[PDB]
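Undergrad: This is the structure, below, for whatever I ask next.
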Amino acid sequence: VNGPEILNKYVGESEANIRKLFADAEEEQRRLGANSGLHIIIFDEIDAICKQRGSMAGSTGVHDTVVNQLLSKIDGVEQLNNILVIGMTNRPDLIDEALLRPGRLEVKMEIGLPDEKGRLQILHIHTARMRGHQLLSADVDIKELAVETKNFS
Amino acid sequence: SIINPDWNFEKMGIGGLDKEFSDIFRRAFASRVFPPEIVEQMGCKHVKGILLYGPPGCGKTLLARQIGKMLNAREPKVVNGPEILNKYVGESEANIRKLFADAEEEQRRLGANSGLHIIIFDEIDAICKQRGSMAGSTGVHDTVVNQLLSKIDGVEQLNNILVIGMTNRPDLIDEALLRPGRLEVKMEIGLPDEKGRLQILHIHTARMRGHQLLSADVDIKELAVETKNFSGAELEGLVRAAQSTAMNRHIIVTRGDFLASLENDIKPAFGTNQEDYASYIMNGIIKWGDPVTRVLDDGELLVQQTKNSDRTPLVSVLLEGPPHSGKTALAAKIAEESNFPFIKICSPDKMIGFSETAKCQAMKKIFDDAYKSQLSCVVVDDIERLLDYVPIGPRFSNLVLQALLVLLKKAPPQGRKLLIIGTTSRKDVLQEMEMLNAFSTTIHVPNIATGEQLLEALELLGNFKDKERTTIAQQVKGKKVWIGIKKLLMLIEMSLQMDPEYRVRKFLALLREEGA
Amino acid sequence: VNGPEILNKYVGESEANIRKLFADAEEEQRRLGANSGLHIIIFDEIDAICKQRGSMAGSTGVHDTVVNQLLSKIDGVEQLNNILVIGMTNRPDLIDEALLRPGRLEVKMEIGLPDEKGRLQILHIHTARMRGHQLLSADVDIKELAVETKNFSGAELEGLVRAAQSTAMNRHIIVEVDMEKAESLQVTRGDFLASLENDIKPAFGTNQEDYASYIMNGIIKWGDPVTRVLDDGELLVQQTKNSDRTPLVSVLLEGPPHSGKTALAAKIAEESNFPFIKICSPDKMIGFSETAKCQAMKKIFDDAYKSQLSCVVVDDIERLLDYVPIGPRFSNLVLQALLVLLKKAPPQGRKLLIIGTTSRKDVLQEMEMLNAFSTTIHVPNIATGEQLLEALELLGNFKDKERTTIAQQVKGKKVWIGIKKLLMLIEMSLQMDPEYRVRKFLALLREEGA
Amino acid sequence: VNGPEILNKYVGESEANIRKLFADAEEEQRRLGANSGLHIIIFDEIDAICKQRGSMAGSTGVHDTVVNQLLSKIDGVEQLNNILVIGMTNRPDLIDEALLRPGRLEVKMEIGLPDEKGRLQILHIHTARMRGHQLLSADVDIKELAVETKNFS
Amino acid sequence: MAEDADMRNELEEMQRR
Ligand SMILES: Nc1ncnc2c1ncn2[C@@H]1O[C@H](COP(=O)(O)OP(=O)(O)OP(=O)(O)O)[C@@H](O)[C@H]1O
Ligand SMILES: Nc1ncnc2c1ncn2[C@@H]1O[C@H](COP(=O)(O)OP(=O)(O)OP(=O)(O)O)[C@@H](O)[C@H]1O
Ligand SMILES: Nc1ncnc2c1ncn2[C@@H]1O[C@H](COP(=O)(O)OP(=O)(O)OP(=O)(O)O)[C@@H](O)[C@H]1O
């Protein structure tokens, strides 16, 4: 799911487009208690869904109900053990400690520009498809490409 | 016959909170566990509400799940937050009423002697906010709130309900809904003390201990000593990660040893960060002379002045001087060496490109979080930037200033304490602007005044050696120097990147610029 | 009806569910004209429906239709006399006045907080069955509760009752026991736990323990001036209680900073024995835009006017209106509202007093507020060592030898400080050692004096 | 018409209730047309039923636009000289420009807060039955009461 | 935002033969 797309202007649809992600797995919990299979969820851009909630005022409360929903879902009264939730973004400082605390999102990770070494393995993969063909061999050495490409992603 | 509600509960599932469960129990469940022979002689209406407010963590929803899982009422109709809300009108409210309908049916047909019904509002703060001023004058949530509180204490005189609510912001809820009769008990469960924490960290470990696991070397008392404010659930997060480390250890009969030692550095906490200091103190601290020790032992003095005292729960201190003189670093070192659970920084670094109101809010948040815990030393860095001051024209952020100042003048709750710190590069504008009056005192941090100090600073750093250092010492003989060391270091490296021929002469030619 | 239950997604049935109400009584009115048995209605939280028809700012709702229909059906073309519509709300002003004019709703009687007499009856009811069934002990009569209950309202009044009987019930029940074992013992009295749980129940009006933050250390009688101040306060406060035609009174407690104006202000508020007190202070309202700050101040006073009596304590006015000495900038709206509210006359003999505080009179004199304040008070901070060390005795720290040690230095010389600073001075000096404590204190005391 | 009761969920019924409202009238127009019944309707609280043709009042669904059917029946191609409608409002300006003009709504006039003279006359009407009775309204001095009571109406 | 866009819909099918 892309964050910017589930937000509908008409109230109720925005938050209720989330419970669908969890409902099928909840039904699986009703049927199979502890031996169910996982159901993975991927929030591709979460910082639009979630931001720091307003405090001590009626104002600045816009778009907080969504957070109040999914926080209630992933650890609520119906203790739901079969789902691992992914989140991924580029602004890790906008998001609640209320969400980052253990039980909701246990671990935070960093993935950044790999390095010449990382690029080298990337090039091994995407070249290796051609290696499988074996057509794409022109005495092209990968170290040229690595040391030439310094910041590339 | 009559059926007892709880039936088999024996203080399991939680720990850390016994007084709080008791203060809920006597208020809510005592009237329901008692011989009803004399209850009508007593003329009591069974209370219809419980509220839980607190920070993230601290086990509130576990409490609420326990009461309703253990109990034999066996009728829980949890609400998941704004699940009520629907696009079409009338559905939002009727989704409330289809909760209470079953209970109201039972009560109508079966009377005073009846079973129980429980409703568990998770994150009540979204649907129920204060009527009258909300996202505009009218707002959307008037309907659901006026329905809810028309219903709980309504015309029907209904009993046979228990409404549990959870939230993180107890102030947003309206007094019409919080007053006695609808929701009586508003508990303040917060970070536990070491004795409570030990109970937590014993029950999350007993399921390991029943089987022979967790070799005897680990002592949970030490863990309770070195985990003062983990905000609850980070304890079981620690334990889960420890399971994980032992687990990927025995990979080609596992045990968990020194789990706290391994985990504590890795796990962030609501309280202090383990080490986020490197940004402020990257290169460490070199004491060049006596003023360093003077300011620093003054700091630890003023520190123990908080713990060992009453009737002054906070002491605020400005430690200022000319620019480039390590004002932030000394604050950080005071905080580090002082062994405070809630050390935090409010650096304008974090808050940039913010309107002054949002700046205010990101500054009040941390003080509220400090009011949670027992002790703290908060530090404000570069106040002249935090409240923007520009010499060319007098323009500043009134709102942030006023907030900061009253926050200095804010008596925290009974028992709690603060060691607020503030740094400036300029003090005269504050003398104009009334900030200094609020502060208890001032700690000047002089620039390097004498080359006699400078030379030992250089040997402490360890870059130059006796031969050239003789030359520099000879040149600085008798003259006075006015230099901040955060500028010095820059001059050092700007020297070292020239060859040894003109190394020292570039250094000294740049040095003589300042000259004051 | 429970208010909004009437509303439904389908169009025309929302108001049909209203029409279903009166279509059960109009038949009786039709066939038995006069002799009928008074069909009636009970609304609740009527504000959601039945507000002014121009509410489309934020609402954008069809509820116009609802109020038009009801407003039509009650008076209407057809006359039906045997209808009683009972309506109740906490926010009355949102209503459409057209349904509220006489003939539809003529009696708009509004209930008021129970007075110190009537709460006797309120408590007496809920204790009647008890003291008839020989539960309650005789030592606690209800007057002792009533006079202690300042602003308890209704459910807040009966809450302590229910909770105290619940505490007396709890004692019998008793942790890790497999069963909570209620020893079946009939003896349940509820003797003093009401007087305990007066601690536990805060009302909205005043919280007797919310003064700890302001008065942390209590009041110290360092000298005669503070006695003079409190005397002036009390003889100024008997004014409102025992007068007419001065229903508002307005004072200021000004003085140099760090002198503790707010503290003795709240002590005046206590010793006045008023029902209703407030401390309108910035320490709660921080980061509030000027409009929200002003509307909070107006909520304070619209809460006070409800009461027969009231006192308010405006704390650090200069910060309340965000005064800054350089490049003077000042909340214009807050100043204007704060000034108007001093000379607002409460409607029907209600008595209010305002206790303003600040560190500086000059800005108020320039802002034309001092004459708005009716009569002002100065707070002379400690100007003398002979007063200083007397206060130091009333504290107890810096015992006799240290007292004598500083006595020579300050007995014949000036010392101009406030005691807010004094506390912090002594606490800081006390840390290092007994021997070094007095010279630290004194060199510090000479450092601060410019 | 006790406010809106014509509105109903099934579209076409809201629009079509009015033909039932006018049917007997146009029947008497066509059959036995010269001397007629002169039927009347009261049509209270137009502020609910009529609006600015659906443009205003938010997004009022086309169910709201029953004004079109009303217009066409009162002054459309088929015309009626045998019936008159009445209107009653508290907020006339909210009505569309169309109806208020002649042929549809010929006469418009406020009912104002009456002067002292009219207030005396109305108070006299209510008190008259009691005054007629021998034992009531002694020393009441309705003219004094009138001059006392300034804006009551 | 333009919040409180709450709207209602009507039956127009009335399926019957
Ligand atoms: N007494 C306790 N001490 C420490 N951790 C607890 C305790 N009780 C529950 N936990 C942990 O708390 C989790 C669920 O309750 P939690 O504290 O997350 O609610 P909450 O934090 O108030 O809700 P929110 O996250 O919305 O603030 C469980 O996963 C459990 O591990
Ligand atoms: N007492 C001290 N002795 C030696 N070095 C110090 C001392 N205090 C700070 N430093 C050095 O200062 C460096 C950090 O500078 P810092 O960020 O404090 O500059 P600053 O004082 O904030 O200047 P500015 O206020 O202009 O930003 C650290 O790497 C640390 O070595
Ligand atoms: N007799 C007394 N008169 C004044 N203050 C006293 C007295 N006894 C004790 N105090 C102290 O006064 C303190 C409150 O002073 P307060 O905070 O009102 O001053 P302030 O208004 O903050 O000064 P400033 O406005 O300069 O900051 C209390 O903490 C209390 O210990």
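Residue numbering: from 1, along the chain as shown.
A Cβ is built for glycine as well, from the same backbone N, Cα and C atoms used for every other residue.
Pulled these from Swiss-Prot:
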type	residues	note
MOD_RES	B:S1	phosphoserine
MOD_RES	B:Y53	phosphotyrosine
BINDING	B:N283, B:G284, B:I285, B:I286, B:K287, B:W288, B:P323, B:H324, B:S325, B:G326, B:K327, B:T328, B:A329, B:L330	ATP binding site
BINDING	B:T328	Mg(2+) binding site
MOD_RES	B:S347	phosphoserine
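As listed in the PDB entry for this protein:
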type	residues	note
SEQADV	B:502-516	expression tag
Undergrad: Can you list which of the binding-site residues B:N283, B:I285, B:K287, B:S325, B:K327, B:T328 come closer than 8 Å to chain E, going by CB to CB distance?
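TA: Among the binding-site residues B:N283, B:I285, B:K287, B:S325, B:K327, B:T328, not one has a Cβ sitting under 8 Å from a Cβ of chain E.
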Undergrad: Are any of the recorded positions B:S1, B:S325, B:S347 near ligand 2, with a Cβ under 6 Å from it, and if so which?
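TA: Cβ < 6 Å from ligand 2, in sequence order: B:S325.
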Undergrad: Give the distance between the Cα atoms of B:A329 (ATP binding site) and B:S347 (phosphoserine), rounded to the nearest whole Å.
TA: 12
Undergrad: Rounded to the nearest Å, what's the C-alpha distance separating B:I285 (ATP binding site) and B:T328 (Mg(2+) binding site)? Just drop the number here, would you?
TA: 12
Undergrad: Which one is it: of the binding-site residues B:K287, B:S325, B:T328, whose Cα lies the shortest distance from the Cα of B:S1 (phosphoserine)?
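TA: For B:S1 (phosphoserine), the closest Cα among B:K287, B:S325, B:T328 is found at B:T328.
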Undergrad: When DSSP states are folded down to helix, strand and coil, where does B:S347 (phosphoserine) land?
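TA: The three-state answer is coil.
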Undergrad: Within its own chain, what residues at least 6 apart in sequence put their Cβ under 8 Å from the Cβ of B:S347 (phosphoserine), listed in sequence order?
TA: B:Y280, B:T328, B:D381, B:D382
Undergrad: When DSSP states are folded down to helix, strand and coil, where does B:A329 (ATP binding site) land?
TA: helix
Undergrad: Tell me, how many other CB atoms lie within 10 A of the CB of B:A329 (ATP binding site), whichever protein chain they belong to?
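TA: A count of 20.
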Undergrad: In Å, how long is the longest CA to CA span across B:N283, B:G284, B:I285, B:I286, B:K287, B:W288, B:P323, B:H324, B:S325, B:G326, B:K327, B:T328, B:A329, B:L330, which the record gives as the ATP binders?
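TA: Result: 18 Å between the two most distant Cα atoms.
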Undergrad: Distance check, please: Cα of B:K327 (ATP binding site) against Cα of the residue listed as 'phosphotyrosine', rounded to an integer number of angstrom.
TA: 39
Undergrad: Using the structure shown, find which entry in B:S1, B:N283, B:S325, B:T328 (the recorded positions) has the sparsest Cβ neighbourhood within 10 Å.
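TA: Across B:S1, B:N283, B:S325, B:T328, these recorded positions, the one with fewest Cβ atoms within 10 Å is B:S1.
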Undergrad: Just to verify a number: CA distance, B:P323 (ATP binding site) to B:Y53 (phosphotyrosine), in angstrom, no decimals.
TA: 44
Undergrad: Based on DSSP, tally up the residues of the expression tag (B:502-516) by helix, strand and coil.
TA: 12 helix, 0 strand, 3 coil
Undergrad: Which has the fewest other CB atoms in a 10 Å radius around its CB: B:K287, B:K327, the listed binding-site residues?
TA: B:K287
Undergrad: Would you identify the secondary structure of B:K287 (ATP binding site) according to DSSP, in three states?
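TA: Looking at the DSSP assignment, B:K287 (ATP binding site) belongs to neither helix nor strand, so coil.
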Undergrad: By Cβ count within 10 Å, point out the most packed of the recorded positions listed: B:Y53, B:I285, B:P323.
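TA: The residue with the most neighbouring Cβ atoms within 10 Å is B:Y53.
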Undergrad: How many Å lie between the Cα of B:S325 (ATP binding site) and the Cα of the residue listed as 'phosphotyrosine'?
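TA: Roughly 44 Å, rounded to the nearest whole number.
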Undergrad: If I take the alpha carbons of B:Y53 (phosphotyrosine) and B:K287 (ATP binding site), what is the distance between them in whole Å?
TA: 47
